[PDB]
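Printed here is coords.txt (compact mmCIF, C-alpha atoms and all ligand atoms):
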# COMPACT_ATOMS: atom_id res chain seq x y z
CA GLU X 62 13.98 24.06 21.39
CA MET X 63 11.19 24.02 23.99
CA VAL X 64 10.37 20.34 23.51
CA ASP X 65 11.31 18.13 26.46
CA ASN X 66 12.03 21.10 28.70
CA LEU X 67 10.10 19.56 31.62
CA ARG X 68 11.41 16.98 34.09
CA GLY X 69 10.22 15.50 37.36
CA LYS X 70 9.56 12.46 39.50
CA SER X 71 6.22 10.63 39.43
CA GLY X 72 3.77 12.11 41.92
CA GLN X 73 6.02 15.07 42.73
CA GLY X 74 5.22 17.54 39.96
CA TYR X 75 6.87 18.65 36.71
CA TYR X 76 9.47 21.42 36.67
CA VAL X 77 11.10 23.72 34.13
CA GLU X 78 14.50 25.38 34.41
CA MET X 79 14.46 29.10 35.13
CA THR X 80 16.97 31.73 36.18
CA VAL X 81 16.34 34.59 38.58
CA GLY X 82 18.46 37.61 39.39
CA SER X 83 21.54 39.25 37.91
CA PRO X 84 23.82 37.47 37.50
CA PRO X 85 21.35 34.63 36.75
CA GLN X 86 20.76 32.02 39.45
CA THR X 87 19.48 28.75 38.00
CA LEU X 88 16.57 27.02 39.76
CA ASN X 89 14.16 24.23 38.88
CA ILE X 90 10.58 25.46 39.16
CA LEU X 91 7.42 23.35 39.39
CA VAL X 92 4.81 24.25 36.77
CA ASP X 93 1.48 24.87 38.50
CA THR X 94 -1.72 25.80 36.68
CA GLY X 95 -3.52 25.62 40.02
CA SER X 96 -1.99 28.69 41.66
CA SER X 97 -0.80 32.15 40.63
CA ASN X 98 2.25 33.00 42.74
CA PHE X 99 5.83 32.68 41.53
CA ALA X 100 7.89 31.62 44.56
CA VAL X 101 11.34 30.16 45.15
CA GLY X 102 13.22 28.80 48.14
CA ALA X 103 15.29 31.70 49.46
CA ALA X 104 16.78 30.23 52.62
CA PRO X 105 18.37 26.86 53.53
CA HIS X 106 16.00 23.91 53.90
CA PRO X 107 16.80 20.19 54.33
CA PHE X 108 15.20 19.29 51.00
CA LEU X 109 16.59 22.25 49.03
CA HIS X 110 19.72 21.57 46.97
CA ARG X 111 20.00 25.28 46.28
CA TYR X 112 18.04 28.49 46.79
CA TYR X 113 17.62 32.10 45.67
CA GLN X 114 20.21 34.43 47.18
CA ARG X 115 18.78 37.93 46.98
CA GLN X 116 21.96 39.53 48.32
CA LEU X 117 23.78 38.35 45.19
CA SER X 118 21.34 39.95 42.74
CA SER X 119 21.89 43.60 41.83
CA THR X 120 18.49 43.73 40.14
CA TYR X 121 16.54 42.49 43.14
CA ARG X 122 14.02 44.93 44.60
CA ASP X 123 12.35 44.33 47.97
CA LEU X 124 8.63 45.14 48.08
CA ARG X 125 8.66 45.26 51.89
CA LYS X 126 5.62 43.01 52.20
CA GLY X 127 5.23 39.47 53.46
CA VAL X 128 3.05 36.80 51.89
CA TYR X 129 1.59 33.47 52.96
CA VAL X 130 0.33 30.83 50.53
CA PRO X 131 -1.43 27.59 51.60
CA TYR X 132 -2.05 24.74 49.16
CA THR X 133 -3.99 21.50 49.57
CA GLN X 134 -0.61 19.97 50.34
CA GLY X 135 1.91 22.21 52.06
CA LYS X 136 2.26 25.92 52.72
CA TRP X 137 4.95 28.59 52.84
CA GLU X 138 5.60 32.16 53.86
CA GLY X 139 8.04 34.62 52.35
CA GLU X 140 8.98 38.14 51.35
CA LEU X 141 7.71 39.78 48.16
CA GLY X 142 10.11 41.43 45.75
CA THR X 143 10.86 41.72 42.04
CA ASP X 144 13.79 40.63 39.89
CA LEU X 145 14.77 39.61 36.36
CA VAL X 146 13.63 36.17 35.23
CA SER X 147 14.49 34.06 32.19
CA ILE X 148 13.68 30.59 30.90
CA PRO X 149 16.77 28.98 29.29
CA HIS X 150 14.81 26.38 27.31
CA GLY X 151 11.80 28.57 26.67
CA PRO X 152 11.38 31.88 24.81
CA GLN X 153 14.69 33.75 24.81
CA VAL X 154 13.48 36.80 26.70
CA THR X 155 14.09 38.49 30.04
CA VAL X 156 11.24 39.79 32.17
CA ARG X 157 10.99 41.59 35.49
CA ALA X 158 8.51 39.69 37.63
CA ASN X 159 7.17 39.43 41.16
CA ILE X 160 8.97 36.80 43.21
CA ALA X 161 8.10 35.49 46.65
CA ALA X 162 11.28 34.56 48.50
CA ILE X 163 10.27 31.58 50.63
CA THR X 164 11.85 31.83 54.09
CA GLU X 165 9.64 29.41 56.01
CA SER X 166 7.60 26.42 54.85
CA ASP X 167 5.68 23.38 56.07
CA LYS X 168 5.30 20.13 54.11
CA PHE X 169 5.84 22.01 50.84
CA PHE X 170 9.28 21.04 49.58
CA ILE X 171 9.63 17.32 48.89
CA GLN X 172 12.64 15.20 49.88
CA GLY X 173 14.46 14.50 46.63
CA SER X 174 12.20 16.14 44.04
CA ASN X 175 14.78 18.32 42.28
CA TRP X 176 12.72 21.52 42.24
CA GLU X 177 13.29 24.57 44.44
CA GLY X 178 10.34 26.77 43.54
CA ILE X 179 6.89 27.01 42.01
CA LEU X 180 5.46 28.90 39.01
CA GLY X 181 1.78 29.70 39.47
CA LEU X 182 0.34 29.96 35.96
CA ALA X 183 -3.26 30.75 36.93
CA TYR X 184 -4.86 34.21 36.89
CA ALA X 185 -4.30 37.25 39.12
CA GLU X 186 -7.73 36.83 40.68
CA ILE X 187 -6.35 34.15 43.04
CA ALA X 188 -2.83 35.51 43.64
CA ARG X 189 -1.76 36.27 47.23
CA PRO X 190 -1.86 38.67 48.98
CA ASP X 191 -4.35 39.95 46.39
CA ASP X 192 -4.93 40.30 42.66
CA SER X 193 -2.71 43.38 42.43
CA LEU X 194 0.28 41.04 42.58
CA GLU X 195 0.71 40.42 38.87
CA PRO X 196 1.41 36.75 37.98
CA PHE X 197 4.50 35.76 36.02
CA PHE X 198 2.74 34.83 32.80
CA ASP X 199 0.92 38.17 32.70
CA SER X 200 4.26 39.94 33.11
CA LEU X 201 5.79 37.78 30.36
CA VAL X 202 3.03 38.72 27.90
CA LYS X 203 2.97 42.44 28.70
CA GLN X 204 6.73 42.86 28.48
CA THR X 205 7.41 40.66 25.46
CA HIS X 206 5.68 39.84 22.18
CA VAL X 207 4.88 36.31 23.36
CA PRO X 208 1.31 35.24 22.46
CA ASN X 209 -1.09 34.91 25.40
CA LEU X 210 -1.15 31.11 25.52
CA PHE X 211 0.88 28.12 26.65
CA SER X 212 0.56 24.36 26.36
CA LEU X 213 1.60 21.46 28.54
CA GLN X 214 2.54 17.95 27.47
CA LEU X 215 3.08 15.95 30.65
CA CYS X 216 4.37 12.43 30.12
CA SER X 230 11.59 10.01 36.51
CA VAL X 231 9.21 11.72 34.10
CA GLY X 232 9.44 14.33 31.39
CA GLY X 233 7.38 16.51 29.10
CA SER X 234 7.15 19.89 27.40
CA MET X 235 5.87 23.35 28.18
CA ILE X 236 5.42 25.31 24.97
CA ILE X 237 5.20 29.01 25.71
CA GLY X 238 3.47 31.32 23.27
CA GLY X 239 2.18 28.67 20.92
CA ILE X 240 1.15 25.19 19.84
CA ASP X 241 3.64 22.50 18.83
CA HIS X 242 1.90 20.16 16.39
CA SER X 243 4.62 17.53 16.69
CA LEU X 244 3.45 16.95 20.27
CA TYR X 245 -0.05 15.66 19.52
CA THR X 246 -2.10 13.68 17.02
CA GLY X 247 -5.72 13.95 15.91
CA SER X 248 -8.02 16.86 16.70
CA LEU X 249 -7.74 19.56 19.37
CA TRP X 250 -11.04 19.91 21.24
CA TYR X 251 -11.77 23.06 23.21
CA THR X 252 -13.72 23.58 26.41
CA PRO X 253 -14.51 27.12 27.64
CA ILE X 254 -12.72 28.62 30.64
CA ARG X 255 -15.82 29.46 32.67
CA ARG X 256 -14.16 32.02 34.93
CA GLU X 257 -10.61 33.39 34.95
CA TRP X 258 -9.27 32.61 38.39
CA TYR X 259 -8.26 28.97 38.41
CA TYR X 260 -8.51 27.39 34.98
CA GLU X 261 -12.16 26.54 35.62
CA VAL X 262 -14.05 24.25 33.25
CA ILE X 263 -17.34 22.34 33.19
CA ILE X 264 -17.76 18.57 33.27
CA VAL X 265 -21.16 17.55 31.89
CA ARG X 266 -20.91 13.77 32.13
CA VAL X 267 -18.85 10.99 33.69
CA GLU X 268 -18.77 7.36 32.55
CA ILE X 269 -16.94 4.35 33.98
CA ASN X 270 -16.46 1.72 31.30
CA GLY X 271 -19.15 3.43 29.27
CA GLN X 272 -21.67 3.37 32.11
CA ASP X 273 -23.01 6.80 33.08
CA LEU X 274 -22.74 7.61 36.80
CA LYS X 275 -26.28 8.99 36.39
CA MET X 276 -25.93 12.10 38.53
CA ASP X 277 -27.16 15.67 38.13
CA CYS X 278 -24.20 17.13 36.26
CA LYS X 279 -23.95 20.04 38.71
CA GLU X 280 -22.59 17.47 41.19
CA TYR X 281 -19.50 17.05 39.00
CA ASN X 282 -18.73 20.75 39.36
CA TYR X 283 -19.52 21.38 43.00
CA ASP X 284 -18.28 23.92 43.52
CA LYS X 285 -15.79 24.40 40.69
CA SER X 286 -13.88 22.09 38.37
CA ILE X 287 -10.32 22.98 37.38
CA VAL X 288 -7.31 21.78 35.43
CA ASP X 289 -4.37 21.71 37.83
CA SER X 290 -0.88 20.56 36.83
CA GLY X 291 0.30 21.05 40.42
CA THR X 292 -2.02 18.45 41.90
CA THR X 293 -1.21 14.78 41.29
CA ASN X 294 -4.62 13.11 41.57
CA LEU X 295 -8.02 13.30 40.01
CA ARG X 296 -9.84 14.74 43.02
CA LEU X 297 -13.63 14.44 43.14
CA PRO X 298 -16.49 15.81 45.29
CA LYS X 299 -17.44 13.16 47.86
CA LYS X 300 -20.70 12.15 46.16
CA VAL X 301 -18.92 11.65 42.84
CA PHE X 302 -15.92 9.96 44.45
CA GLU X 303 -18.14 7.41 46.18
CA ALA X 304 -20.09 6.65 43.00
CA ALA X 305 -16.92 6.30 40.92
CA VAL X 306 -15.24 4.01 43.46
CA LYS X 307 -18.36 1.83 43.58
CA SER X 308 -18.27 1.49 39.80
CA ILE X 309 -14.53 0.83 39.58
CA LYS X 310 -14.85 -1.78 42.34
CA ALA X 311 -17.64 -3.48 40.40
CA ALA X 312 -15.66 -3.53 37.15
CA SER X 313 -12.58 -4.90 38.92
CA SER X 314 -14.47 -7.33 41.16
CA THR X 315 -12.52 -10.34 39.90
CA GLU X 316 -10.02 -9.17 42.52
CA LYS X 317 -10.71 -7.71 45.97
CA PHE X 318 -8.53 -5.01 47.50
CA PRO X 319 -8.34 -3.62 51.05
CA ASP X 320 -10.51 -0.59 51.79
CA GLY X 321 -7.28 1.26 52.45
CA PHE X 322 -6.27 0.99 48.80
CA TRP X 323 -9.34 2.84 47.54
CA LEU X 324 -8.54 5.49 50.15
CA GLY X 325 -5.01 5.97 48.85
CA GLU X 326 -3.68 4.79 52.21
CA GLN X 327 -2.18 1.54 50.92
CA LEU X 328 -0.41 0.27 47.81
CA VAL X 329 -1.58 -2.62 45.65
CA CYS X 330 1.19 -4.83 44.27
CA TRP X 331 1.49 -7.61 41.71
CA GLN X 332 4.46 -9.75 40.75
CA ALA X 333 6.53 -7.78 38.24
CA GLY X 334 5.00 -7.56 34.79
CA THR X 335 1.67 -9.14 35.77
CA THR X 336 -0.42 -6.04 36.53
CA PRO X 337 -3.97 -6.99 35.41
CA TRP X 338 -4.70 -3.74 33.57
CA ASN X 339 -7.70 -5.24 31.80
CA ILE X 340 -9.79 -5.73 34.96
CA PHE X 341 -9.78 -1.96 35.61
CA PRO X 342 -12.23 0.24 33.63
CA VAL X 343 -11.67 3.27 31.43
CA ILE X 344 -12.96 6.56 32.87
CA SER X 345 -14.48 9.11 30.49
CA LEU X 346 -14.86 12.75 31.49
CA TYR X 347 -17.14 14.75 29.18
CA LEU X 348 -16.25 18.44 29.05
CA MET X 349 -18.52 21.27 27.95
CA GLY X 350 -18.03 22.14 24.29
CA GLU X 351 -17.88 25.56 22.64
CA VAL X 352 -21.39 25.03 21.28
CA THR X 353 -24.64 24.76 23.24
CA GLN X 354 -25.28 21.24 24.56
CA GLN X 355 -22.28 19.83 22.74
CA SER X 356 -19.43 18.12 24.57
CA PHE X 357 -16.35 16.02 23.97
CA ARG X 358 -14.83 13.29 26.14
CA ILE X 359 -11.35 12.50 27.34
CA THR X 360 -10.79 8.87 28.26
CA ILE X 361 -8.46 7.83 31.07
CA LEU X 362 -6.85 4.38 31.30
CA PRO X 363 -5.90 2.61 34.55
CA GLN X 364 -2.26 3.20 33.59
CA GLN X 365 -2.99 6.83 34.43
CA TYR X 366 -5.09 6.56 37.59
CA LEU X 367 -3.10 3.71 39.12
CA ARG X 368 0.11 5.62 39.84
CA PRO X 369 3.37 3.60 39.99
CA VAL X 370 5.31 3.85 43.23
CA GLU X 371 9.00 3.20 42.59
CA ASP X 372 10.74 1.45 45.47
CA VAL X 373 13.65 -0.94 45.06
CA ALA X 374 12.62 -2.68 48.28
CA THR X 375 9.34 -3.78 46.69
CA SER X 376 10.83 -4.30 43.25
CA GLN X 377 10.06 -8.00 42.94
CA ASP X 378 6.59 -6.50 42.44
CA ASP X 379 5.04 -3.58 40.59
CA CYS X 380 3.10 -1.48 43.09
CA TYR X 381 0.62 1.36 42.69
CA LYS X 382 -1.33 4.01 44.56
CA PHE X 383 -4.94 4.77 43.63
CA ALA X 384 -4.65 8.31 42.23
CA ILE X 385 -8.32 9.24 42.49
CA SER X 386 -9.26 10.86 45.79
CA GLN X 387 -11.77 13.00 47.66
CA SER X 388 -12.05 16.80 47.58
CA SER X 389 -14.20 19.22 49.57
CA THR X 390 -13.51 22.12 47.21
CA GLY X 391 -14.66 20.63 43.91
CA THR X 392 -13.13 18.60 41.09
CA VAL X 393 -9.40 18.83 40.45
CA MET X 394 -8.21 17.35 37.18
CA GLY X 395 -4.61 16.81 38.16
CA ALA X 396 -1.45 15.52 36.51
CA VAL X 397 -2.64 11.93 36.19
CA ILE X 398 -5.51 13.28 34.09
CA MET X 399 -3.31 15.61 32.01
CA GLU X 400 -0.71 12.92 31.36
CA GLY X 401 -0.80 11.59 27.81
CA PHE X 402 -2.84 14.58 26.69
CA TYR X 403 -1.60 17.74 25.05
CA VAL X 404 -3.34 20.52 26.95
CA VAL X 405 -3.54 24.00 25.47
CA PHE X 406 -4.20 26.83 27.90
CA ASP X 407 -5.49 29.32 25.34
CA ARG X 408 -5.84 32.37 27.59
CA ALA X 409 -6.28 34.72 24.63
CA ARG X 410 -9.49 32.94 23.66
CA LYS X 411 -10.58 31.85 27.14
CA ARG X 412 -10.54 28.15 26.32
CA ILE X 413 -8.66 24.94 27.14
CA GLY X 414 -7.72 22.55 24.35
CA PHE X 415 -7.21 18.79 24.67
CA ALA X 416 -5.64 16.36 22.22
CA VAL X 417 -3.94 12.97 22.37
CA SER X 418 -0.25 13.64 22.93
CA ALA X 419 2.75 11.97 21.31
CA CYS X 420 3.38 10.30 24.67
CA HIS X 421 -0.18 9.01 25.00
CA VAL X 422 -1.06 6.07 27.23
CA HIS X 423 -2.19 2.82 25.61
CA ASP X 424 -1.69 -0.93 25.46
CA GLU X 425 -2.68 -3.32 22.68
CA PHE X 426 -6.39 -3.25 23.58
CA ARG X 427 -7.20 0.30 24.69
CA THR X 428 -5.94 3.85 24.22
CA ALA X 429 -6.37 7.27 25.81
CA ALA X 430 -8.65 9.33 23.60
CA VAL X 431 -10.15 12.76 22.99
CA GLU X 432 -13.32 12.48 20.94
CA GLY X 433 -16.51 14.27 19.99
CA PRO X 434 -18.92 15.78 19.39
CA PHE X 435 -21.47 14.44 21.83
CA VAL X 436 -24.95 15.89 22.25
CA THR X 437 -27.34 16.00 25.17
CA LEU X 438 -31.03 16.91 25.02
CA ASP X 439 -30.92 18.08 28.63
CA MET X 440 -30.70 21.89 28.66
CA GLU X 441 -29.54 22.25 32.28
CA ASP X 442 -26.36 24.21 32.92
CA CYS X 443 -23.84 22.04 34.75
CA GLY X 444 -22.10 24.92 36.50
CA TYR X 445 -22.70 24.75 40.23
CA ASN X 446 -22.94 28.48 40.90
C1 LIG X 501 3.00 17.17 43.58
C2 LIG X 501 2.84 16.83 45.08
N1 LIG X 501 1.48 16.36 45.46
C3 LIG X 501 1.12 15.06 45.64
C4 LIG X 501 -0.22 14.94 45.99
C5 LIG X 501 -0.75 16.32 46.02
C6 LIG X 501 -2.03 16.89 46.30
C7 LIG X 501 -2.17 18.32 46.24
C8 LIG X 501 -1.08 19.15 45.90
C9 LIG X 501 -1.27 20.59 45.86
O1 LIG X 501 -1.86 21.22 46.76
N2 LIG X 501 -0.76 21.21 44.76
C10 LIG X 501 -0.52 22.66 44.73
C11 LIG X 501 0.93 22.94 44.26
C12 LIG X 501 1.97 22.13 45.03
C13 LIG X 501 2.94 21.38 44.33
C14 LIG X 501 3.92 20.62 45.03
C15 LIG X 501 3.93 20.60 46.45
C16 LIG X 501 2.96 21.35 47.16
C17 LIG X 501 1.99 22.11 46.47
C18 LIG X 501 -1.55 23.31 43.77
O2 LIG X 501 -1.24 24.66 43.56
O3 LIG X 501 -1.52 22.64 42.53
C19 LIG X 501 -2.94 23.31 44.40
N3 LIG X 501 -4.00 23.89 43.60
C20 LIG X 501 -5.34 23.98 44.20
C21 LIG X 501 -5.89 22.60 44.60
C22 LIG X 501 -7.32 22.70 45.19
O4 LIG X 501 -8.17 23.40 44.26
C23 LIG X 501 -7.75 24.72 43.89
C24 LIG X 501 -6.35 24.65 43.24
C25 LIG X 501 0.19 18.57 45.63
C26 LIG X 501 0.37 17.18 45.68
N4 LIG X 501 -3.15 16.15 46.65
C27 LIG X 501 -4.07 16.63 47.70
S1 LIG X 501 -3.44 14.70 45.93
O5 LIG X 501 -3.09 14.83 44.54
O6 LIG X 501 -4.78 14.33 46.24
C28 LIG X 501 -2.35 13.52 46.70
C29 LIG X 501 -0.89 13.58 46.25

Go ahead and render the structure in this file as structure tokens.
Amino acid sequence: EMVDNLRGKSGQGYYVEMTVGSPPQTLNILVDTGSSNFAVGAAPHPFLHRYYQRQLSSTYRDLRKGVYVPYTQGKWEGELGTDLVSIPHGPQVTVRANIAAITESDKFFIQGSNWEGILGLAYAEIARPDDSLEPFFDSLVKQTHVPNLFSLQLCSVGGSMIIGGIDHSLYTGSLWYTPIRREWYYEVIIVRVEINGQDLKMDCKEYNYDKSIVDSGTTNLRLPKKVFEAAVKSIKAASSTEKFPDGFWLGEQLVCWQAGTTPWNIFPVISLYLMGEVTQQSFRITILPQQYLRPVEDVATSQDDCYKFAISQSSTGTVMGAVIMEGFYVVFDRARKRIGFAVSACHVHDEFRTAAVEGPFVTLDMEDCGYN
């Protein structure tokens, strides 16, 4: 009953239906493994179709404390409180959780996105104002019998969030696990990067400067500058049969082809090798251009198919965003401090190539790839 409980629009996040308050007020909430605050629109905004009305909830409790949360894109401020929360197409339970009632925001809500709030699924360590503000998933686990794990199958878009377990109908092949290095963001270690099978040949610490994370709330694969530049050079070289404006590689301009003629085969596969559970072992996840060239729907341009380059630069380390998670079944196994990856039932592939999760791989180099 939890399958296909996620919806969204390409590039604008995936959301799950939730209710807050008594009587229940239904809101669509973006699923975000890259933050740890549960927050909902709580005042009128041009891009909000609806919002949380605290005055109408008898179970609402004001904590008399403001909070401000900045993201890479957007920011908001609001009032902290607690109230009853349920998930209609998730586990049938009711929990009392912290909620930030957003009363002011800047470049956060997105014109026509269909969500009104955000569910930060990361750990308390990064919650605002501080780690004493217990995150929603922690409250869910403490107050119910739900196992300490969830999984995300991100595929107008759709997908599934399976709370408390693993749904085997959602993936094929093996689940490979990489350790969660530190419990704040979902931090992992990348040990190797290849572009069409060619190693970027970089000290692996560069891939994890200064942390690498799995972040469903960020669209792009975001890379440290040194890695971004090397990857772009390699993708340019592989695709050199066609030349694109510099602005494209900067995500500042679309590339378009006549409908149905997108030359997928001139763009390389990208393989990210993640640290395994055993010393000097790794596995790789392989990303097709259908993932990192993100479709931009626009009827005005619809004689063509157009795309944005969904790999970009970061000054805070690697962010494996939605375009990386798409077509993989990703298990956030908090109980065992590990992240699992498998090919999902909605995997990306054409008749020549396919997204993959494969291992084991071994390196003789004993260096630890963690930056700190
Ligand atoms: C979904 C809307 N959206 C589109 C883009 C893009 C983007 C970044 C973000 C972004 O900051 N995501 C927020 C959640 C959020 C979701 C919807 C609207 C606003 C915010 C987060 O919590 O997940 C960040 N997590 C941290 C990131 C840094 O490392 C620590 C964790 C969102 C983006 N980029 C900067 S991008 O992907 O490069 C360009 C496009």

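Nearest to residue 400 (chain X) of all the residues X:79, X:231, X:388, X:247 is X:231, based on only C-alpha atoms.
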
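Comparing the minimum interatomic distances between ligand LIG 501 (chain X) and each of X:251, X:258, X:198, X:347, counting all atoms listed in the file, we find that X:258 sits nearest.
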
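If you measure from each of X:426, X:435, X:403, X:341 to residue 236 (chain X) using only C-alpha atoms, the closest one turns out to be X:403.
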
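The list of residues with at least one atom within 7 Å of residue 194 (chain X), based on only C-alpha atoms and without residues fewer than 4 positions apart in the same chain, reads residues 185, 188 and 189 of chain X.
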
Selected residues, C-alpha atoms, written as a short mmCIF file (atom, residue, chain, number, x, y, z; two decimals), in the frame of the given file, please.
data_model
loop_
_atom_site.label_atom_id
_atom_site.label_comp_id
_atom_site.auth_asym_id
_atom_site.auth_seq_id
_atom_site.Cartn_x
_atom_site.Cartn_y
_atom_site.Cartn_z
CA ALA X 185 -4.30 37.25 39.12
CA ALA X 188 -2.83 35.51 43.64
CA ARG X 189 -1.76 36.27 47.23
#

In Å and to one decimal, atom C2 of ligand LIG 501 (chain X) is distant from CA of residue 176 (chain X) by 11.3 Å

Counting all atoms listed in the file, the residue among X:328, X:295, X:340, X:117 that lies closest to ligand LIG 501 (chain X) is X:295

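Compared by their closest atoms to ligand LIG 501 (chain X), and using all atoms listed in the file, the residues X:437, X:116, X:164, X:172 rank with X:172 nearest.
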
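The residue that comes closest to residue 64 (chain X), out of X:213, X:103, X:156, X:367 and on the basis of all atoms listed in the file, is X:213.
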